[PDB]
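**Student:** give me the fold of what follows.
(4 chains, ligands or ions: 8)
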Amino acid sequence: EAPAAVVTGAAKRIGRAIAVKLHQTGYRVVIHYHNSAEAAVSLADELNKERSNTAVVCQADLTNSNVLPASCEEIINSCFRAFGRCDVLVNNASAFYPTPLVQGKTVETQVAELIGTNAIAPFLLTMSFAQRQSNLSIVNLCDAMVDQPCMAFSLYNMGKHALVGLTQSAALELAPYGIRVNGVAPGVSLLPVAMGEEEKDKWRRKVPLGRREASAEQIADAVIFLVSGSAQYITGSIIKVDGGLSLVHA
Amino acid sequence: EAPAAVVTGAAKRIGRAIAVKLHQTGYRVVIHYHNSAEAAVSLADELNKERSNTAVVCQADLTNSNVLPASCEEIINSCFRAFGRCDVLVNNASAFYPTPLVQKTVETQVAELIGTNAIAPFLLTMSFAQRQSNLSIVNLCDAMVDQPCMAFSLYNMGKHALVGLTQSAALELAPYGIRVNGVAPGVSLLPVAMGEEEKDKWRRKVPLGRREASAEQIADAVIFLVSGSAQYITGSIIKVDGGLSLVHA
Amino acid sequence: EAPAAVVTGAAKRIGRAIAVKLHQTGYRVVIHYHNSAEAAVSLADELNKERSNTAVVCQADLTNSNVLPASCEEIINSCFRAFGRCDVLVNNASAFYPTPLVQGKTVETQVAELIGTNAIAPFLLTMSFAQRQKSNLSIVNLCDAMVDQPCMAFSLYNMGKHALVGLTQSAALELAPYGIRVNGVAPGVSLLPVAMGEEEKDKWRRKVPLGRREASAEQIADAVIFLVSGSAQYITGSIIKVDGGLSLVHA
Amino acid sequence: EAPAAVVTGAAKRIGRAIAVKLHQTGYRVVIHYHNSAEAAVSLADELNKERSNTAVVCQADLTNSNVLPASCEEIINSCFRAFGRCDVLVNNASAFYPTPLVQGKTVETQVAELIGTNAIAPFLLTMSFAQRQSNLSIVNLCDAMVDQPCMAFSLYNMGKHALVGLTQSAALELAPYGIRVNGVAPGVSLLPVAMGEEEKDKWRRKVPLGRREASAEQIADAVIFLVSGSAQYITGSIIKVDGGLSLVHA
Ligand SMILES: NC(=O)c1ccc[n+]([C@@H]2O[C@H](COP(=O)([O-])OP(=O)(O)OC[C@H]3O[C@@H](n4cnc5c(N)ncnc54)[C@H](OP(=O)(O)O)[C@@H]3O)[C@@H](O)[C@H]2O)c1
Ligand SMILES: NC(=O)c1ccc[n+]([C@@H]2O[C@H](COP(=O)([O-])OP(=O)(O)OC[C@H]3O[C@@H](n4cnc5c(N)ncnc54)[C@H](OP(=O)(O)O)[C@@H]3O)[C@@H](O)[C@H]2O)c1
Ligand SMILES: NC(=O)c1ccc[n+]([C@@H]2O[C@H](COP(=O)([O-])OP(=O)(O)OC[C@H]3O[C@@H](n4cnc5c(N)ncnc54)[C@H](OP(=O)(O)O)[C@@H]3O)[C@@H](O)[C@H]2O)c1
Ligand SMILES: NC(=O)c1ccc[n+]([C@@H]2O[C@H](COP(=O)([O-])OP(=O)(O)OC[C@H]3O[C@@H](n4cnc5c(N)ncnc54)[C@H](OP(=O)(O)O)[C@@H]3O)[C@@H](O)[C@H]2O)c1
Ligand SMILES: COc1cc(NCc2ccc3[nH+]c(N)nc(N)c3c2C)cc(OC)c1OC
Ligand SMILES: COc1cc(NCc2ccc3[nH+]c(N)nc(N)c3c2C)cc(OC)c1OC
Ligand SMILES: COc1cc(NCc2ccc3[nH+]c(N)nc(N)c3c2C)cc(OC)c1OC
Ligand SMILES: COc1cc(NCc2ccc3[nH+]c(N)nc(N)c3c2C)cc(OC)c1OC
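**Tutor:** Residues are numbered from 1 along each chain as shown, chains lettered A, B, ... in the order given. Ligands and ions are numbered 1, 2, ... in the order given. The protein structure is shown below:
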């Protein structure tokens, strides 16, 4: 029987690359998405064309709220419903936007989105994954630049730091169950659709190893390593995949 | 005119020692409290007996909610109302209890643990900066964030987030001359709520004297960071842990 | 045409497992050794039985001295003489013993051995490796997951391993324009000494959250193989803990 | 009655400022120096004019060699010879220059100077200080930029990383003797005339807090705190005094 994985925010970009590589490795996949329904369905269609009945989509908002625990439980339930097991959880979904300290969304909403997606949803997903339970593991998508953060991104940075804390705490606590918990920390990988080429190039020029951003596949490669049998003693580790960006002084 | 400081969770224990030392150093102080009204007022009475009209109290729940931003704005406003200025913010108040991953609702635990340790510090930081000399913020962190207590994930998440706030706010508020630093205790003032067996077990782990920190020793590092002797220091977290975090399993 | 790797301290234990896995992956290997000649040669003979002319040995003391730079240049040169190329360097060789700060080796010898093997030799080997490269080139340094929670009375050892982290970062930064990646693997508790009492071994094993056991040499080698692979080609300046969670455990 | 301190590389710049502040605080001081004999003797004269018999100079090369242990023992011995006690050791002396990995000093000399001054001499001085033994402590001058080093400074950076390791290891091991071991990590401070004006200006503009370097006195202020009674539970801590420099991404 093939193992099964949940990847959050998997419709596009890094999440899609992770889902694709897991699928190529032989996993059945739950493609979680929030707004990108067409892209999620397009991906699931492609994966099911390769191997029938090996991909499903699952919609959920991962903003913090009193129903978030139930939503996260349902994402894990959806993997069991489709595939009868859940071996791997990848916490990839993430809100990212500035929240300046000095001056449409209310600050309450910004907290709920930035802390919810980057930290609280991963925590609740981790609880539900563990409660339901071989090579079991969780991979959290972190950020290599958390100690040298983008200016005016405090709430986002708080969220990613909290995710490091979760990775460590959950690795410690879930080790007796044989559930490994690790992270992959990109530097600059895919730049946003909205960003102009000149701004993209400004970031690219900072990277020592090739003056280019990580491909989505390069990020996925590290995730696949951590979920593999080649990482079976690794827990509580966060692997930077940043081309040396974090080593470069101001 | 004397500078003024807000200390959250200042009625007891480390917060109280911080408020006392700031006041002894010459600050006027806002003593924030949640449940400990009697102790907050007793502290204010003590400090005001030393110097009239130099200590006030301010009540607020720092749990995350729809009203937390307003509560935090009002804590900062209370300092400006009482004293006409706010030079120092100490983010000390903190919920701390286990939240096991496998088996209050969990969402209430998120609100309390992440609210007190991270979101309230952020909102207080925003309000402090917006309302603006030796201005600074000190966040009470945790020397054991990378070797956390078992089954304290949400607490540990909150303290990690507070490290991130310390760094992000240091970076962003530096142009305004506002420094942002942290003090990271190991074990300090182990409470009655711990058993004597657990208390001795922790104390014996501490390389420097096999004892916990006093609240005053924690306060000493806060006083340094707000002082003129720290005017180039921002984004720094000082462990006050007697070497505890250096000790392997 | 097959790539080539130098592994220092490759006769036994973790270095041996790394050399074996690299060879299984398709590398030709230089098996460096200091005192363990019989084991280095037995490994080479095993690997050459698998594929002829794919393993050589190279003897050197990696203690710090005025001749260390020449010794390290010669190790790298040996790979070029054997195989015509040198694609991977693994800095594994390491002295490890206590050096108490307070009350038969002299302290200058302990400095030389502990700082030489763990830090200075890796630096000189890195220099020589890079100079010959003035494709998937990379260096892997064997670090230590417990450098911030060190064994009592191991100051010089711990200094050496911290220095090795600094080399990893500095060399990653500087060698990036040459396409040479520089990374680390940081064991927690892996192979214990055979002569250590099982009761003492078990004291260490019981500390490890993930399985209450030490890492095998092969599990350490798995992380090295990942870092030198095509699946790690954007990774430089990273140190992967392979510690079963040990470093997360408070006192 | 008055406690005594050894400060290495104390003739000039940051070491001088540390020696002056310790002296103003009530310490008797050993002013160690290597080449700066005239400055060392002038400083001792200044401090002795303020309080007689409270300062001496001590010359030593702190380059690694087989005689370095004897030299370090002699520096501590010089404190006992002059003052009858040695309460504080400040490891400040430091060689700093590039050592590129790819191509008048030989590489062995570069290793000896950079690793000796920044790491091995601090270790040997720490040994001798501890063996010869209240508020006893050691302060190591570290570097806030150890994880974002200057390009082509590998040996220097290795030395400073080793000094972090010593700070931790010695804090752990010397705690039972009541000796605290801490560090102060500058970013940019008191940029020297020898540095080109253009390079000085470039580094100053990187610093978030005031777009300026630290004065020597600001560095010394952190050393004074760590040796004081207000730091009596602090050991194994390294305090950045960097104006936020280390927080700034490339
Ligand atoms: N790209 C980089 O340079 C970079 C750098 C450092 C770290 N990372 C990390 O790597 C991961 C992948 O990066 P990325 O650039 O591919 O991410 P991204 O495009 O910014 O976001 C990934 C997905 O997150 C989902 N998401 C956002 N808000 C959500 C919410 N409220 N509820 C549920 N899902 C939500 C979105 O799903 P829908 O589209 O379905 O709405 C989105 O497609 C993230 O964790 C990111 O922080 C990336
Ligand atoms: N003690 C230690 O060993 C230790 C170790 C590591 C870190 N620290 C950090 O050092 C700081 C001080 O420690 P401590 O032991 O003195 O703290 P504490 O006694 O656990 O808590 C301090 C105060 O926090 C306030 N607080 C708790 N929940 C709150 C809420 N929902 N809203 C508003 N205020 C709330 C309480 O105020 P009221 O009493 O008025 O309700 C309480 O008196 C904390 O940030 C702690 O995390 C302490
Ligand atoms: N084992 C663990 O639990 C553990 C934990 C943390 C980190 N590590 C790291 O992982 C690596 C491998 O560990 P290990 O236990 O396999 O190492 P090890 O057995 O202690 O030593 C490996 C080899 O180092 C060589 N070596 C020692 N001194 C030398 C010198 N002066 N010159 C040249 N070579 C010298 C020896 O080669 P010869 O036998 O030929 O003389 C020895 O076989 C080391 O870097 C170690 O620090 C291991
Ligand atoms: N300045 C900064 O921006 C900065 C930044 C980061 C870290 N730091 C650290 O802060 C400390 C003070 O910095 P600084 O700029 O004042 O240092 P510095 O001027 O570069 O050097 C301090 C003293 O080190 C002594 N020294 C050099 N080589 C020696 C040797 N072989 N043997 C004995 N002593 C030797 C010299 O003494 P003589 O003159 O008597 O020969 C020199 O005056 C150093 O540890 C430095 O690494 C400084
Ligand atoms: C510094 O400013 C910016 C930087 C970047 N960098 C690339 C980028 C893209 C998507 C991302 N998405 C998430 N989930 N998290 C990130 N960390 C992230 C990053 C790092 C993207 C921006 O646009 C969204 C931006 O704002 C203009
Ligand atoms: C592991 O279990 C426990 C550990 C401790 N340790 C001391 C202690 C006390 C108060 C604290 N209060 C806050 N805000 N944060 C902390 N970090 C903290 C700590 C660290 C105290 C306990 O009782 C309060 C306890 O539960 C029985
Ligand atoms: C703390 O005491 C000890 C601990 C260990 N632990 C396992 C072990 C074995 C070989 C090692 N070899 C090197 N190169 N570096 C290490 N880090 C290392 C370690 C970590 C091995 C000991 O004996 C060699 C020992 O001494 C009794
Ligand atoms: C990257 O190039 C350079 C950088 C700097 N930076 C300031 C500076 C000055 C003295 C220093 N001295 C020591 N002991 N350690 C340092 N860390 C140090 C630094 C950090 C100074 C230079 O000239 C003195 C220089 O060379 C041109």
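
**Student:** now residue A:132: closest residue in space, sequence neighbours ignored.
**Tutor:** Of all residues not flanking residue A:132 in the chain, residue A:76 sits nearest, at 5.8 Å (CB to CB, 6 or more residues apart in numbering or on different chains). No exception for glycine: its C-beta is placed from N, CA and C like everyone else's.

**Student:** Three-state assignment for that neighbour, please.
**Tutor:** helix (DSSP: H, G, I helix; E, B strand; the rest coil).

**Student:** hmm, residue A:126 and it touching each other?
**Tutor:** No: with contact defined as CB atoms under 8 Å, residue A:76 does not reach residue A:126; the gap is 9.7 Å.

**Student:** now do the shared contacts for the two.
**Tutor:** residue A:89 (CB atoms under 8 Å, 6 or more residues apart in numbering or on different chains).

**Student:** neighbour count winner among those two?
**Tutor:** Neighbour tally, residue A:76 and residue A:126, criterion other CB atoms under 10 Å in any protein chain shown: the higher count belongs to residue A:126, 27 against 23.

**Student:** give me the element the more buried one is part of.
**Tutor:** helix A:121-132 (DSSP states H and E).

**Student:** show me what that helix is packed against.
**Tutor:** Judged by 3 or more CB pairs under 8 Å, 6 or more residues apart in numbering or on different chains; DSSP states H and E, helix A:121-132 is in contact with helix A:68-83, strand A:88-91, strand A:136-141, helix A:154-174, strand A:179-186, helix B:106-114, helix B:153-173.

**Student:** rerun at 10 Å
**Tutor:** Contacts defined by 3 or more CB pairs under 10 Å, 6 or more residues apart in numbering or on different chains; DSSP states H and E place helix A:121-132 against strand A:4-7, helix A:68-83, strand A:88-91, strand A:136-141, helix A:154-174, strand A:179-186, helix B:106-114, helix B:153-173.

**Student:** and that helix, does that touch ligand 1?
**Tutor:** No: using CB under 6 Å from any ligand atom, helix A:121-132 never reaches ligand 1; the gap is at least 7.3 Å.

**Student:** buried sites along that helix?
**Tutor:** Buried residues in helix A:121-132, defined by neighbour count with 16 or more other CB atoms under 10 Å in any protein chain shown: A:121-130.

**Student:** stretch A:166-185 too?
**Tutor:** For stretch A:166-185, by 16+ other CB under 10 Å, it's A:166-175, A:179-185.

**Student:** can it be found next to ligand 1?
**Tutor:** No: for stretch A:166-185, no contact with ligand 1 is found by CB under 6 Å from any ligand atom; the gap never falls below 6.9 Å.

**Student:** dump that stretch to CSV, restricted to CA.
**Tutor:** The C-alpha coordinates for stretch A:166-185 follow below in CSV (Å, rounded to 0.1, in the frame of the first residue of the first chain):
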residue,chain,number,x,y,z
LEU,A,166,6.6,24.2,17.3
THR,A,167,9.1,22.2,15.2
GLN,A,168,11.4,21.8,18.3
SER,A,169,8.6,21.1,20.8
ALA,A,170,6.8,18.7,18.6
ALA,A,171,10.0,16.8,17.7
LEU,A,172,10.6,16.3,21.4
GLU,A,173,7.1,15.3,22.3
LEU,A,174,6.3,13.1,19.3
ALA,A,175,9.6,11.2,19.2
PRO,A,176,8.1,8.4,21.4
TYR,A,177,5.4,7.8,18.7
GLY,A,178,8.0,7.6,16.0
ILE,A,179,6.9,10.8,14.4
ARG,A,180,9.8,13.0,13.3
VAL,A,181,9.3,16.7,13.0
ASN,A,182,11.6,18.8,10.8
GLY,A,183,11.8,22.0,8.8
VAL,A,184,12.9,23.4,5.5
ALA,A,185,13.9,27.0,5.5
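
**Student:** what separates residue A:178 from chain C, distance-wise?
**Tutor:** Noted for residue A:178: a distance of 8 Å to chain C, by CB to the nearest CB, to the nearest Å.

**Student:** meant to ask about residue A:42, not that
**Tutor:** 26 Å.

**Student:** what sits against that residue?
**Tutor:** Neighbouring residues of residue A:42 by CB atoms under 10 Å, 6 or more residues apart in numbering or on different chains: A:11-12, A:16, A:31, A:36, A:57.

**Student:** got a winner among those residues for most neighbours?
**Tutor:** So for the contacts of residue A:42 (other CB under 10 Å), the most neighbours sit at residue A:31, 29 neighbours.

**Student:** what's across from it in the sheet?
**Tutor:** residue A:7, residue A:57 (DSSP bridges).

**Student:** quick one, what contacts the spatially most central residue of chain A?
**Tutor:** Taking CA atoms, centre = their mean, the centroid of chain A lies closest to residue A:92, which sits 1.3 Å from it. With contact taken as CB under 10 Å, 6+ apart, residue A:92 is in contact with A:6-10, A:13-19, A:32, A:117, A:122, A:139-141, A:184, A:219-220, A:223.

**Student:** now do 6 Å
**Tutor:** Residues near residue A:92 by CB atoms under 6 Å, 6 or more residues apart in numbering or on different chains: A:7-9, A:15, A:141.

**Student:** closest to chain C out of those?
**Tutor:** Relative to chain C, the closest of the contacts of residue A:92 is residue A:141; by CB to the nearest CB it sits at 14.8 Å.

**Student:** which residue does chain A have closest to ligand 4?
**Tutor:** Nearest residue of chain A to ligand 4: residue A:249, at 11.8 Å (CB to the nearest ligand atom).

**Student:** please name the residues that touch residue A:30.
**Tutor:** So, once contact is read as CB under 6 Å, 6+ apart, residue A:30 ends up touching A:6, A:56, A:58, A:78-79.

**Student:** make JSON lines from those residues and add neighbour count and distance to ligand 3 to it.
**Tutor:** Shown next, in JSON lines, are these (neighbours: other CB atoms under 10 Å in any protein chain shown; distance: CB to the nearest ligand atom, whole Å):
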{"residue": "A:6", "neighbour count": "28", "distance to ligand 3": "34"}
{"residue": "A:56", "neighbour count": "20", "distance to ligand 3": "43"}
{"residue": "A:58", "neighbour count": "22", "distance to ligand 3": "42"}
{"residue": "A:78", "neighbour count": "19", "distance to ligand 3": "41"}
{"residue": "A:79", "neighbour count": "25", "distance to ligand 3": "37"}
